[PDB]
Amino acid sequence: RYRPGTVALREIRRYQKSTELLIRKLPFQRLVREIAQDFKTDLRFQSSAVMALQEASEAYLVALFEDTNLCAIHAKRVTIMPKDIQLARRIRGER
Amino acid sequence: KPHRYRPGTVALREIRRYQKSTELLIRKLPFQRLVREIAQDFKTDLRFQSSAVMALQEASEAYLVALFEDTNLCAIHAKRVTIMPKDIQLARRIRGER
Amino acid sequence: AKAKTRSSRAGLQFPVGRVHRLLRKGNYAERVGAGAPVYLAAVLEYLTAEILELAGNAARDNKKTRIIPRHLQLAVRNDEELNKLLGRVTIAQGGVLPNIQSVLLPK
Amino acid sequence: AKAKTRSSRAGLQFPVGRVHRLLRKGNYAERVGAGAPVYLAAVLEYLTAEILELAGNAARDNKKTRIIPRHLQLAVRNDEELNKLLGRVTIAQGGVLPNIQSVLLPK
Amino acid sequence: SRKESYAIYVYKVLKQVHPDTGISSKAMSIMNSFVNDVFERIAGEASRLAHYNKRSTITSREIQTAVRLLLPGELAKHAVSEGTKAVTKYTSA
Amino acid sequence: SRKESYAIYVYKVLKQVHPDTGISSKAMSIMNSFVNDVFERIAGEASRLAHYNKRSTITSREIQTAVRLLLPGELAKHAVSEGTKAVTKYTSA
Amino acid sequence: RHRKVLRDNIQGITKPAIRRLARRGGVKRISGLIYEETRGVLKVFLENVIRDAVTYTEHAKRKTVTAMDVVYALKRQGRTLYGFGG
Amino acid sequence: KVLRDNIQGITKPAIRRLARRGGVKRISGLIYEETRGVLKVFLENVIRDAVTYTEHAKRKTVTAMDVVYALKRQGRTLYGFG
Amino acid sequence: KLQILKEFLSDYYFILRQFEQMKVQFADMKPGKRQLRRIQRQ
DNA sequence: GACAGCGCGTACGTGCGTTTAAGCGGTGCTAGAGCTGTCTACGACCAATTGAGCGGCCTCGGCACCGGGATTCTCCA
DNA sequence: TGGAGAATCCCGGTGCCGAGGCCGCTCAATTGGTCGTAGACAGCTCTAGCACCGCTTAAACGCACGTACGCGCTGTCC
């Protein structure tokens, strides 16, 4: 058995050197249709539109992980808690 | 026994004084002089509207204010009450000015 | 015949002709339809009215009669909607909303 | 009689006529200067070179001969001035620069 | 020469809401700038909209959409409301 | 339709720097987008400038200055040098 | 003519994918409290865009969402993307 | 004639005045220089492009319109100055 | 000796003016890589 | 108040079989993506008039101020 | 826990020029024309968006457990 954390660096490097999408596509499309339900009914979708939607989502959230990680490491920690995200989005001005 | 307030309550006094106040916190002429010094670099022998000098300042202090308030957010989340430059720089990191 | 201002024709206060000229002279698009300046000015006045009501309330809250920039600041930053609309905006001499975080108070 | 393109007149690689047309159709001003499209395509090609050269550098560095978006991201982020120009820019399938904060390294 | 601004309309409408209130001139400039800005932002947005649909003419349709874009929620519903009645007023006139 | 893009130009200059190098199609479209955004930002700033000084026509001075105001330091230095060269070459020939 | 109403695909946001997301962020150690937080904030961003997406769709009189719709929305919010036209 | 070194004209009491108006209670001694440098940066950017407007305007006097245009382009639109 | 030093000074002149222009070119610590891309671009 | 020391107890990371549901073509299938003639109606442009806006000029009225009692935070007790 | 001292607070006079009206006067807003084109629009076509089907496999799940991280507090010193 490995010591916990070296594995983490393993996936860190795997996914930092990789570029392919990280989300199952069907759940994404389903969620999108859910969300769109709220503004107008019966709306048809470009697949590529969905794809870019996804892409944008991960870009947003990934920068979110970055600045949250900075917040946490400033707190001399390594484990992330919602405190950090809330402060981060507040500073960026989303809250 | 001379009467002295405890360290920090005074700070709250000025904080309230300035949070209710609305005016400049900066001296005029040193500020104009810094303006002139920096602007020296790009072109020589420039003239200045005083109104421009003002606009410069208000922009400055407002920007600064946002900076420090975020800095305090940093410090408080960081479980302290004294501000330290690492907070300043980290906030500046967050907002994304390089 | 006697000429009636388009703003009067809508029961408006902002000048439809002035705005329409502004649009024409702005080179935003090659043609302009009739109702657009009207629609725009109406939205304008609604927004202005909202702001003005809030600021007059503020000035009343301080027993003054002349609206000042400070009341503008106090009101607008006290509005959720307006301030998000004006979140990237600084106001001259505006000041801030007095706000002390909890942990900063002595205990 | 025999036409000679304005780009060739500048020894230029983008079409000046195309860009001039787009400028005129783009509703920026009613009238257009002549050397403006010239200077325009010039700086365009400049930036084009600046970016593609790094992209090819990266493609060589990873032993490939066709440049892929990954290279685009790598090159854009590993520049200071370009990245500041494109700090608000997201590239599809671009990933990020592999970079690890020192604190989490094992020791 | 002359220097055009909005202030008189501002004062009219202010009387229309608080008939009992004065105003600073600096605050007056604040509001002048305000109208300037909002006009510009919304107008440019609508102009883009027109380009996106290859249209060469300004209507109120894009304006409605554009306000929906820049103002959020109740702001938008209100604004579209008064605009709807106002254009109704001019046209029905 | 006769959908237009700049791809061929990119291809040529690509051969100009790295004459032996391929490229993604998706990345090619990315290049299209990039050149686009460059166009619009700089164009819009320039048109702002034209309104600003109350002039009605876009010349080289405006475009150059815009290049200054958008580009950071050295990039602008290089581009302005090149633009001077290029406009010189056109006018001279 | 099948028009059903969805429910809880936000829990279609699998735990492993979220962790993978954090790992592309270089994140080392993680709370369980993070995950629902992420679902919510993600949601927020999702509507914030999709709303104006539909706005574009409708002002085109149109019934189908185009990519350029998303493009224009994200550009409004300054979230510039390359690679899809526009 | 030359000018220099008025960045020290930004005194510590002014600095802590700003900090107080920001609602801060306790301050490191290292803060002041940090602040001065950051301010240096801000002011440099803004003056730079403001000047840029000035010269293309072919004037020799910085105007408040050039200043407002610069910080509005930055993202801090200042009202109250036409 | 006068002729000798005249020789010396002619010999120096090259490198001396070379510095005289190097400073003008490269007074500032600058990423001259782009400056060489100026030439390679032309 | 910041900072570090240390111990401790818990919530978190790694294996690990075990489902399971996303994916993947393969197949229908209809709805709206994508067009093209065609014909007005509405703004673009221009031409008589004019009224409202803007600027100059009084004028008085909120309002900052002053200072003196009058009324509360603070800090040991 | 109660008072002493400091800090605020408030209010009624006390100055004072900035809103606040106000008014000649000139130009942009309004008005009635023409005119040609843009855009409305239905049709026509037709494209892509959707629904559906086994079925396999890769990826998510359950859970234990153990393991190291978070966290508390406290003297101490600057």
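Using the numbering of Swiss-Prot, the residues shown for chain H are 21-102, in order.
Recorded method for this deposit: electron microscopy, 5.4 Å.
Placed from the backbone N, Cα and C atoms, the Cβ positions cover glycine too.
For H:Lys32, H:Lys92 (among others), the entry in Swiss-Prot reads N6-succinyllysine, with the evidence type similarity to another entry. Annotated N6-(2-hydroxyisobutyryl)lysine per Swiss-Prot: H:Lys32 (among others), in sequence order, evidence recorded as similarity to another entry. The UFM1 cross-link annotation in Swiss-Prot covers H:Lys32. According to Swiss-Prot, the feature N6-butyryllysine maps to H:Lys45, H:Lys78 (among others). Feature annotation from Swiss-Prot assigns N6-propionyllysine to H:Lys78, H:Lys92 (among others); the stated evidence is similarity to another entry. Swiss-Prot lists H:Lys78 (among others) with the feature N6-lactoyllysine. According to Swiss-Prot, the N6-acetyllysine annotation covers H:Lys80 (among others), on the basis of similarity to another entry. Taken from Swiss-Prot, the feature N6-glutaryllysine applies to H:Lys80, H:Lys92 (among others), supported by similarity to another entry. For H:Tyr89 (among others), the entry in Swiss-Prot reads phosphotyrosine. Residues or ranges marked as ubiquitin cross-link in Swiss-Prot: H:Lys92.
Annotated features taken from Swiss-Prot, shown on the structure.
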residue : record            : Cβ neighbours (10 Å)
H:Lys32 : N6-succinyllysine : 12
H:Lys45 : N6-butyryllysine  : 25
H:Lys78 : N6-butyryllysine  : 8
H:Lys80 : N6-acetyllysine   : 12
H:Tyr89 : phosphotyrosine   : 20
H:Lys92 : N6-succinyllysine : 17
Legend entry - Helix, strand or coil at H:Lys45 (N6-butyryllysine) [DSSP, three-state]: coil
Legend entry - Cα distance (Å, whole number) from H:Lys45 (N6-butyryllysine) to H:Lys32 (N6-succinyllysine): 15
Inset, instruction - Could you round the CA separation between H:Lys80 (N6-acetyllysine) and H:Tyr89 (phosphotyrosine) to a whole angstrom and send it over? - result: 17
Legend entry - H:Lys92 (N6-succinyllysine) to H:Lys78 (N6-butyryllysine) - Cα separation in whole Å: 21
Legend entry - Proximity to chain C among modified residues H:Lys32, H:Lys45, H:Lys78, H:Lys80, H:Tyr89, where any Cβ pair is under 8 Å: H:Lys45
Inset, instruction - With a CB cutoff of 8 A to chain B, go through the modified residues H:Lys32, H:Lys78, H:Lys80, H:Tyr89, H:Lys92 and name the hits, or write none. - result: H:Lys80
Legend entry - Short-range modified residues relative to chain D, from H:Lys32, H:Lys45, H:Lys78, H:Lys80, H:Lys92, with Cβ separation under 8 Å: none
Legend entry - H:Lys45 (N6-butyryllysine) versus H:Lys78 (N6-butyryllysine) - Cα distance in angstrom: 48
Inset, instruction - In whole Å, note down how far the CA of H:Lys45 (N6-butyryllysine) lies from the CA of H:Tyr89 (phosphotyrosine). - result: 35
